[PDB]
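K.L.:
To start, I am sharing the structure in question, which I have written as structure tokens.
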Amino acid sequence: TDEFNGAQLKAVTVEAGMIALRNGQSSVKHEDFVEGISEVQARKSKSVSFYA
Amino acid sequence: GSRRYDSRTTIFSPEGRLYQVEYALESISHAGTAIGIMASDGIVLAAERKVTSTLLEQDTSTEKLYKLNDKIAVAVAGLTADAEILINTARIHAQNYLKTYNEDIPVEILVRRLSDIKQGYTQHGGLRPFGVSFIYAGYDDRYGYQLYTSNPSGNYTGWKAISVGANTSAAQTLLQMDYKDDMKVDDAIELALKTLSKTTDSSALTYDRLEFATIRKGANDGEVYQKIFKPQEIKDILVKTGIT
Amino acid sequence: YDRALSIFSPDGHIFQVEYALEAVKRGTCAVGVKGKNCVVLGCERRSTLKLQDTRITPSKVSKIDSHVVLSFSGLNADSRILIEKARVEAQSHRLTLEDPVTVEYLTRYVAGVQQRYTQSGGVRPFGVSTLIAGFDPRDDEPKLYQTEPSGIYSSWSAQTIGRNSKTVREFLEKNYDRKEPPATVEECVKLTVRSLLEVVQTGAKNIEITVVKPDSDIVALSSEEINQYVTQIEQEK
Amino acid sequence: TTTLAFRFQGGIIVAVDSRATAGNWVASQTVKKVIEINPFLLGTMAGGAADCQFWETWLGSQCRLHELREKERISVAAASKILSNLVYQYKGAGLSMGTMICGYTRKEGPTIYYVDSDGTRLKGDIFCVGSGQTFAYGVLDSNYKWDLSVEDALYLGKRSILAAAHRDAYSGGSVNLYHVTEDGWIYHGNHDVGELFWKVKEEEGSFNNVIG
Amino acid sequence: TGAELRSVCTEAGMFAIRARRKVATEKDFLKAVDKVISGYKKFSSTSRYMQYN
Amino acid sequence: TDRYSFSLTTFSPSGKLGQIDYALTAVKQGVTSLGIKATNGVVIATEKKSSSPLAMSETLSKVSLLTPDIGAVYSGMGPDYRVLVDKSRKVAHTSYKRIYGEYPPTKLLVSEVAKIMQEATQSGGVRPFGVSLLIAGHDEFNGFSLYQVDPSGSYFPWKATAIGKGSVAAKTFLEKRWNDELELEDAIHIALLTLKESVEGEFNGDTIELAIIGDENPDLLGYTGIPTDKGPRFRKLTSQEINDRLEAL
Amino acid sequence: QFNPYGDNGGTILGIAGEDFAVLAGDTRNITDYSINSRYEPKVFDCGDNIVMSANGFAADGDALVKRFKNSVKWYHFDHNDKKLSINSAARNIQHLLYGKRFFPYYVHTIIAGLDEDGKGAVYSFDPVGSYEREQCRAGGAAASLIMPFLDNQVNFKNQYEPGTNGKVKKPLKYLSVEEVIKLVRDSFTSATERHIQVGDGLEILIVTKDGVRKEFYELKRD
Amino acid sequence: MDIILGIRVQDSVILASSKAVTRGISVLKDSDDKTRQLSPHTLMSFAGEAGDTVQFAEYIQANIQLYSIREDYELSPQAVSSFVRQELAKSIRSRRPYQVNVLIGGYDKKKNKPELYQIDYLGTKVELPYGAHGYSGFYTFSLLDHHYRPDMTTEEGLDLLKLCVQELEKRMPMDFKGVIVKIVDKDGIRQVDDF
Amino acid sequence: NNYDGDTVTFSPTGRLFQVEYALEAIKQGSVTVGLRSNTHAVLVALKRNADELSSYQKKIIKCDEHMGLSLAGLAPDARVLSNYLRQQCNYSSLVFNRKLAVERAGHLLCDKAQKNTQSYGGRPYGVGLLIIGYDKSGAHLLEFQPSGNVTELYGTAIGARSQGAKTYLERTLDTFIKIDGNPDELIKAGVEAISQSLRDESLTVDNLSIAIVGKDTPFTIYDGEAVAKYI
Amino acid sequence: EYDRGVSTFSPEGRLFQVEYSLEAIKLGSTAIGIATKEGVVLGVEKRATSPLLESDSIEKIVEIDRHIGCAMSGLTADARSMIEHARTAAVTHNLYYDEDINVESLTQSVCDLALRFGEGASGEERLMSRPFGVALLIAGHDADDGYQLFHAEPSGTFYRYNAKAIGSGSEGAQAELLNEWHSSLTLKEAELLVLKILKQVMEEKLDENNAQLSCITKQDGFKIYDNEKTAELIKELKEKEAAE
């Protein structure tokens, strides 16, 4: 989290759980929580291999 | 940022076209009328000043007639300041071709050089155009009298008779109904005063608002003589043609 | 100066090139058809405006060498900037390797000029498109190329450029045969003239035809010769 | 040094020596004075060694970017006229040059050019350049024939350098002959001059002023 | 845009209505693609609006 | 750095050049100045203006000598005049006093300063100068001559004219009072009379800067005994001398 | 006045073999008649089984060993750890020399290594530009002493079979790595007694398919 | 060597140049020529120093030729010489000169008149009815001013050149190998060989 | 908003945003993990192919005979700065016969990236290098941030999922500093570091590219079957 | 979100013009390239926009040097500059090292060229106003790695591919290369594979006036197959599917 506001940080909590929700998990996993940082952020078109 | 304040004078519009050259021509339609007729024994050049005042010295003015070289004089219609520069370039280039080839410069060469200069500014540099329109009266042995108009786009077209400046549509139509192939300078003197009389915005046309010059081969020893008429001979020739 | 005036578009283009293409269409119309042993570039010449000279007013087709002719459509002002370079490169060819230019080579150079002005800082690109034609020296195969503002060139069997180029090219799909060119030079003049009188119209007083035959024969036809081909074609039709 | 070439009916025979002296002292006896510019051009070495060796590798650089652009093989007259303008620049810096560019194409025939430091370019039919170019002319120009066989011509090129080599201080080592054809240069190999000599003394019956 | 591809489909039938054809051809869709895509690319919203998106 | 290589005078869309139009607004904000051409002199005239009376007028200048035969007086911005007077002296030496050895004719020098004008109506990173100058002078073949150099870069020959905030009213007065014989002394009476109707503040020989381009004074030559050269024709009038001619109204 | 080239003498000897190569030189540095240094290498390894010596005037001769190794570097960097051939290096040396031709270097360069066929190769350059492949080429100041004795024991130059009197020349043979140590050591023994810029020390580098060997022998101490 | 001659006759300019080149201590070509067309009725023979001759011949050629396609107008021989001189003067002042002497013989189309111009390496044109350069020039001059008439026909100018040639064989201390003559007429530039 | 267009315009938050933007090029980039002991430095990079037919792109550029750098940003940007480092490493050997200090080489690098970010018509360089080396005060690991800022660490990462890598290094922090002389163990400690930055991509003999530099080992890049012992 | 730079970012971190540049490789016309063990095959859809086009003197395959050949797709005017540089580059290395340049090393030079737009900064002299938008398939043969095929982007990054398509038909083309390719195919079976995949995404008819083949073999160097061999090979594809 770098230059997130405390509203953005609340956003990562909810987002994490939604991704768990799709998988069908009964808990939120650590793997899913980070995945939620990346989804709160606008850049989620990810690599195109012009960063390799 | 510098880029922030750039005009971009010199991109195309969606039409395929150059806003700033179009606008330049818009402002030359404000400027003073100049007409040139190529007779078969001369060229008569006559232009009507865009301003007039009675306190204004108009007796030794020559702000429309400018001589480029001994055998080629031009009439000016547009941004006079921009024109003064290219007249002084032209004069440098004309004298240059004579220095290096020892031969009178053809009309074609000087006219094409001036055109390409205008052309450089609409092409690149990020600069405004030179809004000038020249009518070139010129003599060469090869093609006789040659007559020419150049625009801010930096394009040149031959004429036999042409009119630039204010009231272009009006002047052009008039020339055409009268113009014959068998005309000498006398018929040309009469027509040049006469078209100017129909486009005029003064209650009567007078000599102090006319500038007038000819180039005749009928000067002695089969030589071209450039004459810019004095305002007191113009007033005389104005009594002859019975305009006043 | 150093600012870009040609910039990448979010589509996949540069807007100044698409724009420059629009510029060629607003110009007058030049047609190209090659015979078995001739090129013919004919061009539409104005005469809306009258008292215009014919001797001293420049033509649409300007001989670069004695065997390479260039015609142009689009801005008539810009045209002279591409041609001034093209003439000097031909004399440089003569200087440094010997032999006069080959038509393919001059077309590749002219293409490289427009190519460069599509990607150099502080220029717009030329709004002018060429039919560059001619003969190879010591050969007699007719060569007809057309280069365009992109900076891309194409060879063509017959082609047409300028206003209503799509309308004219349609005509040429239907009368010029790729397999059998017009059998002689004279048949080839009747084809270029047959094409022009669709769009240009308004007499034979607008039609110009330059014909080149191999071995450095450039001839530009007189108004009388033109009338004669227009009349024959009008009548036959 | 003495390097000659003659057009005849097959192409051009090039013929070179390999003795590169420093003066009184003989530097090396195996210096090649033929320079493969591409497979259809050879350039002889004369005057400054260094200047010719360098610039004709570098002509190879302009031969391969002529070849690509035009997709046609270079003219021999065009090749010569690259080199000419290069040595004109460095004239008055005093770089010395003596080269014959030899080529044979099918659209011009056999053509020799002599490119020189001055900017001087002369085409021709016989040249000999070197510090023993005078000896070589004599034999070659009397026994000259346009209508000659490939076999006779090879012996004639050899023999010419031989005569020069014998009296000239700075000529010898070995001679190397090439026969430039259309389809490329063919190498005819290396013959010692000091060993060629005694063969040619018995067979011909020349050199009755030379002991033996 | 999916909105251009709609104009393509509508104009593919419009060329059937003009030709007196009732069942489309590959040929009617080629005509459609050229007119809609080439002609209205000058008038493309895609270019200007992408600068914000 | 510099990246400003694009003109800031550009064509306006209904025609005209917008910067040069604007700059002419800035001319008509400033002081009022006038010139009357006689048959043997030219008179030029202007009003001084200060922030407060605490400014001196003695060290102030608004009429300058460009060459001894050619003076200038402006109406418009103070800053722009100040540099453009100095560029005028510079080109007058560098392009006719090193080449033809002497001061240039009035027609020629006018033509050079119109080209100084021109290259700030154009080029990058520059706007037009905001003055209009009268450049009056005397040459040996076009006589006494008065010019008006303007923000456009044109010049007009004149016989009497005015520029500045009272220009409209001034020239009508001057149209009706002009005559085809004036003496230089008779010229003065016109110019003072007109400049009195455009001032409404204080009027003195210290607040009207008046200059004549009369006829030759060997007392300003600085030397005597080369009769080939003839002293300053330009002669700025001291406060004492101007004051008498003020009473003479 | 400035006379910017001097000399530092030295003598070098390059011999191309048939499975090895020999580039040798002395280690004596001089200026005029004073001995500056008894020991001072001139025969630098550049890696890739190329040994170079740019012998003569020292100040030039160190400049072209600097500039040369700099290019060994920048080659290995932009061609993904390419092994520098004798061929590549030779033509590169040519460019480095030739580029100064309005203010020349005043040294005599010789390289040695294996070529790409598993044989020795020696190329020797004049200061101006050009080069040629060798089997012997000395350089340096006692060149003219050492060269003609090497052409008589390697190439068998003007020798005929015994009792044939000119009928058949003597046959060439292959020389072992061991034998060639003897030839080079013997030339410089003879050279010392007749020349006054050679002595103190002799450093032969011998180049093989396993690495480079330095092998140091003394000469006469004047 | 360096022998170029001009004999202006009243219908033709007769320029003849040497068939020998000497570089070094021997003759390399004895069958050569040293002239370049400028115009199709303007002929320039050139000779003088080593290697300036070719390179300055073709420089000037590129230039006159550029004009002549461009405007499809021939230049006057008068015009042509001014350009050549302009270039020659300039090179004395510049770093690298060109030491080359040129005779430009042409037939003007405008006036219908031969004109012969002699330009030295300094760059002075001067119109002549006849002219030469080098030390060769000395032998020849004295014959032209005896026997010349300005009313000559083409053949008379040819027969005169035989005397000049015959003299040169005798007095000249060096070889020169005959001359190719070139006649600049009003029809073309036509080559004949003198015996 | 309008503050993001150029490299000259501050910015109400004290920032400049474009340098901030260039720092996101490192984040969308692939991971490389550095860790050092007191005697050997290790760069452990994970290489990245595009498609199955594709090759893998070199992530470790040997910069000198005792320096190697690894990119985690723009490939064109990395090529510019790598030349500049070679140039200054070679200018030091030529002029002062000195192996270019690692600490000094971060300051030389520093200023090349600052001077294009202060300037108009330039941009920041959007690539972070991890630069290892062994000089005269031992092993060093530099992290070059595209901000221009250089910091010296005992182990770091940059890439995507990189934070998960800093943690492996953060646990195993007091262990790895004390193992010296045994390059086998550092390498393994760095492979395990970069494996917690996976998310179904694994590691193989064409993904893993290791390079080391030691006291007793000059710069060596292992790849192929030479990273097959060290998975 | 923004684009009123010339060399600017991008919240994502890519250069912005570069992002657009890659999406003009979707307006190319295909170049396909399969590298196998015996050589590399390059084929291209040549395109005819009219049948009054001479389509046999328009070619989009160009020889860089004997042992490196190239196939170009995207805008070909851009490709004119880069291929020249490439020709130059290959020549320089034969000058300096008398050695046949590696393929990789060649590719690497041309990528450094694609990034050189800007207003003049850095160590690399900007002179481009906008980046290139053409992609290259550098084919070639070196004596260090055998046969190699590289894909050079207008990004400035280069990858060695075993098979790649570029152009408008990329997606539909590389979906097929995936399934049909294996490690070893003999050279005339590679040429037929090029003609099969070129046929699925073909928008014309597969014949010899709108397809061109080319090979690179060590022994023959770079040869562009004449229309006689391209025609034959086409005919053996319609025959071989005809047994299936």
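Going by Swiss-Prot, the residues shown for chain B are 2-245, listed in order.
Cβ coordinates come from backbone N, Cα and C, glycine included.
Straight out of Swiss-Prot:
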type	residues	note
CROSSLNK	B:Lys100	ubiquitin cross-link
CROSSLNK	B:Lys199	ubiquitin cross-link
CROSSLNK	B:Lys231	ubiquitin cross-link
K.L.:
Taking DSSP as the reference, which of helix, strand or coil describes B:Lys199 (ubiquitin cross-link)?
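P.N.:
DSSP call for B:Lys199 (ubiquitin cross-link): helix.
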K.L.:
Below 8 Å Cβ to Cβ and six or more residues apart, same chain only. Which residues does that give for B:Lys199 (ubiquitin cross-link)?
P.N.:
B:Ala171, B:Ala172, B:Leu175
K.L.:
Under a three-state reduction of DSSP output, how is B:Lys100 (ubiquitin cross-link) classified: helix, strand, or coil?
P.N.:
helix
K.L.:
Starting from the Cβ of B:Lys100 (ubiquitin cross-link), draw a 10 Å sphere and report how many other Cβ atoms land inside it.
P.N.:
10
K.L.:
Sorry to bug you, but what's the C-alpha spacing from B:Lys231 (ubiquitin cross-link) to B:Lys100 (ubiquitin cross-link), rounded to the closest Å?
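P.N.:
Cα to Cα, B:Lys100 (ubiquitin cross-link) and B:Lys231 (ubiquitin cross-link) are separated by 31 Å.
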K.L.:
Take the Cβ of B:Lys231 (ubiquitin cross-link) and count every other Cβ within 10 Å, whichever protein chain it belongs to.
P.N.:
12
